[PDB]
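As a starting point, one isolated chain is supplied in structure tokens, in the form deposited in one PDB entry.
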């Protein structure tokens, strides 16, 4: 290299795109374990919990037992205030774990005491250290009771204050995607949706695909993404891409009017035969549903184990104006 280049290269050393995924509580730890095992690209995994038992069986690059003094390696018994206090007690440890992150993804299942209470604290620390802060959480199933939903919605309001983009997945809508879903599989299905949303979002940024995804562009869209919801579709039919995206756009997970969306993140995943043209069609389709002024970030990657199905992850941002937060859940205005 040359003097100019050598300098630049060194610059590239300091600069980067450090991404960290933080799973709080049992549901959050379960998600992290999966990401670590199946291997998530270009991202560090961090699991935190008050419950030492759940944490020890979890798998991640780093684990943080929060609230030692407060809970003594025990769970929060459903009390969000314990999770919040616990996270505060361990702020320094959490800070050390996500310290040099350019972007932090916070994931958990809202409704319990740990995830609900600590997620907002992790988010506050994430922004204070200057990282693009994104949350991807789930709301509980109706069958879990109103207390769990209230605590979740309150935690959702608190989280909303400290995140740059808050992606919310309504577990209850999973029953609209698979009507005859056996209760014993309800959480195994939610698990699948959570992983696809988080891994899908993370890899859209870190995984090499048929087209480059610029981190700066991702920042611009998510810096003020506000409240976001997802849509998931997949098809192996003649018009794989067309059907997949149609499924995503009509997904019950995307429970809101999207015409008033400020932006979107689109991740097209398919087998080795996936072309840029299919991905283009997915994006073209989505763009016609959103405001003509919305910013759309998209990518297309190859998923080794897909065979001949194309999957589409959609993330519509800035829909807070079309949603209302109630103690019973999210309601479309």
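C-alpha atoms forming the largest set that superposes within 1.5 Å between two forms make up the rigid core. Shifts are known only where both forms have a C-alpha. Residue numbers count along the first chain shown, from 1.
Omitted from view is the form deposited in another entry, to which the following refers.
Checklist entry - After superposition on the rigid core, does the Cα atom of residue 7 shift by at least 2 Å between the shown form and the other one? => result Superposed on the core, residue 7 moves its C-alpha 2 Å or more between the shown form and the other one.
Item to check | Outcome for the Cα pair residue 15, residue 91 in the other form, compared with this form (closer or farther; change of 3 Å or more) | outcome: Result: farther.
Checklist entry - Are residue 204 and residue 15 closer or farther apart at their Cα atoms in the other form than shown, with the shift being 3 Å or more? => result Closer together, which means the C-alphas of residue 204 and residue 15 are at least 3 Å nearer in the other form.
Item to check | Displacement runs between the shown form and the other one, C-alpha, 2 Å or more, three or more consecutive residues, core aligned | outcome: Moving stretch: 2-16 alone.
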